[PDB]
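Asks: Quick one: structure below, then a few questions.
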Amino acid sequence: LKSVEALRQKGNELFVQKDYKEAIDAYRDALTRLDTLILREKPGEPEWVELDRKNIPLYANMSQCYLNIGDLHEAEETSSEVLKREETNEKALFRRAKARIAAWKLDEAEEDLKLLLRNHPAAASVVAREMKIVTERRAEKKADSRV
């Protein structure tokens, strides 16, 4: 349980040095231990939840690492894990949008940014900026097919 905190902390160290591959392997290992600790608890009970909340920082940190590296599927997947637990999480929605956008999943990047803006009104300008990328990318893709 403090073996996991330690590895979170190690991942966080690697992250701030732009050494993202290893950040992931550290976070992925914190995830593995934390799982074994969850499998022991009675499922769904309050003790389960509080052990399970600890996944959130780990998947959040990791999704950015994945983003930072070009792993769009995983970036999206790990961000989705935050979103499973915190539906309107600002950072998770943003990151998933960024993943989706880069992935050409444009309807869906738009859903996220709308949801972002709906729950986080001060995300305005950041949302404006990415909706701009979406909305023109939809112009490229759909003049690329009327060629």
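So basically every Cβ, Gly included, is an ideal-geometry build from the backbone, and we count neighbours across all protein chains shown. No lab work stands behind these numbers, since they all come straight from the coordinates.
Asks: Looking at the range 15-24, can you tell me whether even one residue there is free of Cβ contacts under 8 Å to residues at least 12 places away in the same chain, surrounded by fewer than 17 Cβ atoms within 10 Å (Cβ to Cβ) and either in a helix (DSSP H, G or I) or in contact with an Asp or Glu (Cβ under 8 Å, 6 or more places away or on another chain) (or both)?
Replies: yes
Asks: Then there is this: Would you check if residue 118 is surrounded by 14 or more Cβ atoms within 10 Å (Cβ to Cβ) and either assigned to a helix (DSSP H, G or I) or among the hydroxyl-bearing types (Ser, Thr, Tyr) (or both)?
Replies: no
Asks: Residue by residue through the range 126-144, note down the ones that are closer than 13 Å to residue 97 by Cβ and either touching a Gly at 6+ places or on another chain (Cβ under 6 Å) or of a type in the set (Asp, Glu) (or both).
Replies: 130
Asks: Let me ask another. Suppose the filter is without any contact (Cβ under 8 Å) to a residue 60 or more places away in the chain, of a type in the set (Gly, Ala, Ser), in a helix (DSSP H, G or I) and over 30 Å from residue 28 (Cα atoms); does residue 139 pass it?
Replies: Considered against the rule, which asks whether it is without any contact (Cβ under 8 Å) to a residue 60 or more places away in the chain, of a type in the set (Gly, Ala, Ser), in a helix (DSSP H, G or I) and over 30 Å from residue 28 (Cα atoms), residue 139 comes out as yes.
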